[PDB]
Every structure is written in C-alpha cells, then in structure tokens.
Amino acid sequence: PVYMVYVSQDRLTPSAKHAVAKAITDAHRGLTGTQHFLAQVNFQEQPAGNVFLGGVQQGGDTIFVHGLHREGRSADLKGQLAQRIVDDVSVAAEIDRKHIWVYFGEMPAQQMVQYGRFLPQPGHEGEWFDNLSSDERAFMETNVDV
C-alpha cells in the first residue's frame, strides 16, 4: 500500500513522524499479513491554515490519511484496519480521534507497481517475494523496522 498522510508543517517532529509511520505500517502488517517493507507512508506537509472544514480555516491539528490498497479484501477487514489506524495514529501523534480522517481506495493489483515490480494478489506476497531476484529481496529486507 501507499498511505498518503496529510498534516500541517511542524505538527510532527521527526520522531513523531517515525512513530506515526510505525503505527500505520504495523497496523497494515498485523491485519493483512503484507510484509512490512511493502507498506509506504508518505507524509505531505502544508502550512497550517490550508485545511478548511465546512469552510472554516483549521489550525495545525488535522490529519487526513488516504490509503491506497489492492482490491480484494473484505469490508470487515478494511473497517478494522481503518479503525486501528485511527486509534494508533491518535496515540502516536498525540491527537484526538475527532481530528483524524481516513479514506481507503482500491485498485487491481495488476495496475500497481512497488520497487519497480507489479504486485501480486492480496495474500500471495510470500510466493511473489520468493520469485524475486536475490538483489531485490535484499533491498526490500533493508526496509523493515521490527
């Protein structure tokens, strides 16, 4: 997946960004089984005041998570995963849950590429990972934090 995380500039320190990315990545690995290194978290910072709710200019405490996933998972599991992102980002970013918005979009795995390779169907990551070259396996394995 790619989790695009929209936040205000200076809301999250480097350590807070790491914790938020860990929270999201752990949630995705834990509920889907997808290897850690296949989850990207991409922080998009803008100056505070660029977010409007109901036309009302917001401060720096809003977070929007746009998660981009492969088609193929149940609505039940997507709901658990969105809820766990809400709960765990709330803790990691020290932000009240009413400030957190999370949308998931899905596409066929056949039109998604990570590390220059087309993704497999959900749940077939082991088989796919074993038919990768040694060098590609090694590169992906460096992108794992517990």
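All residue numbers are counted from 1 along the displayed sequence.
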- prompt: With respect to the recorded C-alpha B factors, which stretch has the higher mean value, 17-25 or 120-128?
  reply: 120-128
query: Mean CA B-factor: is it higher for 43-51 or for 63-71?
result: 43-51
Given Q111, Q80, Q114, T34, the residue at which the Cα B factor reaches its maximum: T34
message: By the recorded C-alpha temperature factor, relative to the other modelled residues in its chain, which third is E94 in?
response: highest
task: Relative to the other modelled residues of the same chain, rank the CA B-factor of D88 and answer lowest, middle or highest third.
output: middle
